[PDB]
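As a plain string of letters, each chain reads:
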Amino acid sequence: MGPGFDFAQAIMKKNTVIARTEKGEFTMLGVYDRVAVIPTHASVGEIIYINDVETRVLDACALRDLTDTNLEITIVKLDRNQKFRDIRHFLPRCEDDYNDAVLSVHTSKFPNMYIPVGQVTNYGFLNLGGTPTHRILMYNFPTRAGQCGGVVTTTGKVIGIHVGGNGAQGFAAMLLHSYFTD
């Protein structure tokens with residue numbers, strides 16, 4: 001409808017795949033080359049389904065901060081025959097608050113879904129499903145099951161992936177440029 005949704009659409013059309021693990025179907029954001037991210041609670045194994053095709057996982061790393069606290073981001077390298085468009089220049093460098101964010105989801109259940117979630121708070125610490133978690137972003141939308149892995153964007157930035165909600169607020173794990181230097 002407007003330039004928020006325009007940036008979100010451009011990320012979804014080129015930089016997302018449907019990932020299926022034994023824990024369900026997730027929106028998966030491709031970042032560069034064969035490297036993608038998914039919430040750690042997807043429990044990625046040796047094999048994953050990508051757009052319903054059996055795919056070997058070459059590497060999977062569940063990120064933690066330097067205090068050994070969960071960040072709820074898994075970086076996955078896929079044995080895929082195609083690279084993602086490099087979107088690392090759209091990643092923030094520092095922890096921050098944001099105006100006017102969109103949460104975008106693409107699954108079997110929720111195809112081409114875009115939610116204007118509005119203002120995003122640097123929440124920091126959250127007890128997420130009983131796990132102490134850092135670098136959490138919070139928005140006031142009553143987000144539901146099937147939105148995990150959803151991409152959170154502003155105009156010009158990819159700031160996080162949806163990892164949970166409490167019926168009133170949604171929670172995203174931060175994406176930082178420094179996760180994907182190589």
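Residues numbered from 1 in each chain as written, not as in the entry; some residues may be left out. Heavy atoms only, no water.

Draft legend 1. Highlighting the pattern of salt bridges. For the structure shown, the criterion picks out six salt bridges. A salt bridge links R88 to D86, with the shortest nitrogen-to-oxygen separation between them at 2.7 Å. The partner of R88 in a salt bridge is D182, with the nearest N and O atoms 2.8 Å apart. Taken as a pair, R88 in the loop between β6 (70–78) and β7 (98–105) and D182 in the segment after β12 (170–174) lie far apart in primary sequence, 94 residues in all. In the salt-bridge network here, residues are joined through shared partners; they are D86, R88 and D182. (Salt bridge = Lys/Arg side-chain N within 4 Å of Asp/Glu carboxyl O. Helix = DSSP H or I, 4+ residues; strand = E, 2+ residues; numbered from the N terminus.)

Draft legend 2. Summary view of the pairing of strand β3 (residues 35–39). With five of its five residues buried, β3 lies for the most part within the structure. Burial along β3 is two-sided: the face carrying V35, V37 and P39 and the face carrying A36 and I38 are both buried. Hairpin connection between strand β2 (residues 24–32) and β3: a loop of two residues separates the two successive antiparallel strands, and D33 in this loop has a positive phi of roughly 50°. In the sheet, β3 pairs with β6 via five bridges, with the strands oriented antiparallel. (Buried < 20%, exposed > 50% of the residue type's maximum accessible area, 1.4 Å probe, protein only. Pairing = 2+ DSSP bridges.)

Draft legend 3. Representation of unusual backbone geometry in the model. Although it is not a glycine, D33 sits at a positive phi angle of roughly 50°. Tracing the backbone through its elements, the reader meets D33 in the loop between β2 and β3. Residue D33 is classed as partly exposed on the basis of its relative accessible area, which comes to 35%. In this structure, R135 takes a positive phi of about 55° despite not being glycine. Mapped onto the elements, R135 comes out in strand β9 (residues 131–139).

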